[PDB]
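**Q** Right, I'll just put the structure down here and ask away after.
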Protein chains: 2
Amino acid sequence: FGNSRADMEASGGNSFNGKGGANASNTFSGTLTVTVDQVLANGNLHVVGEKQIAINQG
Amino acid sequence: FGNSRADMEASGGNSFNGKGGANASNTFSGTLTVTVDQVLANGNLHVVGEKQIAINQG
Ligand SMILES: O=C(O)[C@H]1C[C@@H](O)[C@@H](O)[C@@H]([C@H](O)CO)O1
Ligand SMILES: O=C(O)[C@H]1C[C@@H](O)[C@@H](O)[C@@H]([C@H](O)CO)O1
């Protein structure tokens, strides 16, 4: 060890960060009167309805 | 002792400190409905279940 033959110095680093996300929301707060389309074998009713409103410009 | 023949002075030190540690934790807070795969001899049930959710983009 007379010289710096044994003198040693070293550093090392490794950092990793990963992220991920997702969202999906929906809301509906109306009331619509529909009409029966047909009666199924079990008695369930197929209902279809439509409502058109022309407030102004569309 | 006329000269510094007996005059003496010396110092010495040796300090060592080592440390080590480790941690490992995990948590899981879900609910999943599984289905029986087979019935063992002692009556134990082999249960396997799977649930796939596509929120959006994955
Ligand atoms: O004993 C040896 O082998 C050495 C001592 C150091 O001086 C070393 O650096 C080398 C030098 O390269 C000679 O020129 O020689
Ligand atoms: O009695 C001796 O042997 C000594 C006395 C000191 O003077 C010592 O240092 C030595 C010196 O080297 C002579 O030149 O001689």
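In the structure tokens, each chain is lettered A, B, ... as it comes, each chain's residues begin at 1, and ligands are numbered from 1 in order of appearance.
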Show me which residues are within 12 Å of ligand 2 counting only C-alpha atoms and all ligand atoms, and format the list as a PDB file with N, CA and C atoms, in the first residue's frame.
**A**
```pdb
ATOM      1  N   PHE B   1      18.557   9.735  31.459  1.00  0.00           N
ATOM      2  CA  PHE B   1      17.524  10.597  30.896  1.00  0.00           C
ATOM      3  C   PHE B   1      18.045  11.994  30.577  1.00  0.00           C
ATOM      4  N   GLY B   2      19.363  12.157  30.453  1.00  0.00           N
ATOM      5  CA  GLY B   2      19.909  13.488  30.225  1.00  0.00           C
ATOM      6  C   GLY B   2      19.361  14.133  28.968  1.00  0.00           C
ATOM      7  N   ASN B   3      19.352  13.390  27.869  1.00  0.00           N
ATOM      8  CA  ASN B   3      18.736  13.844  26.633  1.00  0.00           C
ATOM      9  C   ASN B   3      17.285  13.371  26.600  1.00  0.00           C
ATOM     10  N   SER B   4      16.664  13.431  25.427  1.00  0.00           N
ATOM     11  CA  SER B   4      15.319  12.910  25.241  1.00  0.00           C
ATOM     12  C   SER B   4      15.306  11.401  25.034  1.00  0.00           C
ATOM     13  N   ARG B   5      16.373  10.715  25.450  1.00  0.00           N
ATOM     14  CA  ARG B   5      16.471   9.274  25.238  1.00  0.00           C
ATOM     15  C   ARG B   5      15.253   8.546  25.788  1.00  0.00           C
TER      16      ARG B   5
END
```
**Q** Please return, as a VMD selection string, all residues of chain A lying within 12 Å of chain B when only C-alpha atoms are considered.
**A** chain A and resid 20 to 25
**Q** Could you save the residues just selected, with N, CA, C and O atoms, as a PDB file, in the first residue's frame?
**A**
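In the end it all went to result_11.pdb:
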```
ATOM      1  N   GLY A  20     -49.057   4.737 -12.942  1.00  0.00           N
ATOM      2  CA  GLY A  20     -50.133   4.605 -13.902  1.00  0.00           C
ATOM      3  C   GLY A  20     -51.470   4.784 -13.226  1.00  0.00           C
ATOM      4  O   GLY A  20     -51.634   4.465 -12.045  1.00  0.00           O
ATOM      5  N   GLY A  21     -52.436   5.289 -13.985  1.00  0.00           N
ATOM      6  CA  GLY A  21     -53.756   5.534 -13.436  1.00  0.00           C
ATOM      7  C   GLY A  21     -54.783   5.663 -14.537  1.00  0.00           C
ATOM      8  O   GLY A  21     -54.456   5.793 -15.718  1.00  0.00           O
ATOM      9  N   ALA A  22     -56.045   5.621 -14.122  1.00  0.00           N
ATOM     10  CA  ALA A  22     -57.158   5.704 -15.054  1.00  0.00           C
ATOM     11  C   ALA A  22     -58.439   5.946 -14.274  1.00  0.00           C
ATOM     12  O   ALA A  22     -58.598   5.435 -13.164  1.00  0.00           O
ATOM     13  N   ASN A  23     -59.338   6.735 -14.853  1.00  0.00           N
ATOM     14  CA  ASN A  23     -60.627   7.030 -14.248  1.00  0.00           C
ATOM     15  C   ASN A  23     -61.695   7.071 -15.328  1.00  0.00           C
ATOM     16  O   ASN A  23     -61.411   7.350 -16.495  1.00  0.00           O
ATOM     17  N   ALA A  24     -62.932   6.785 -14.929  1.00  0.00           N
ATOM     18  CA  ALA A  24     -64.057   6.852 -15.857  1.00  0.00           C
ATOM     19  C   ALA A  24     -65.337   6.987 -15.054  1.00  0.00           C
ATOM     20  O   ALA A  24     -65.690   6.077 -14.300  1.00  0.00           O
ATOM     21  N   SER A  25     -66.034   8.109 -15.213  1.00  0.00           N
ATOM     22  CA  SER A  25     -67.274   8.345 -14.493  1.00  0.00           C
ATOM     23  C   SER A  25     -68.318   8.902 -15.448  1.00  0.00           C
ATOM     24  O   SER A  25     -67.991   9.552 -16.444  1.00  0.00           O
TER      25      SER A  25
END
```
**Q** Contacts of segment 33-39 of chain B at 10 Å or less, counting only C-alpha atoms, minus same-chain residues fewer than 2 places along, as a list in words?
**A**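 Counting only the stated atoms, we get residues 31, 41, 42, 43, 44, 45, 46, 47, 48, 49, 50 and 51 of chain B.
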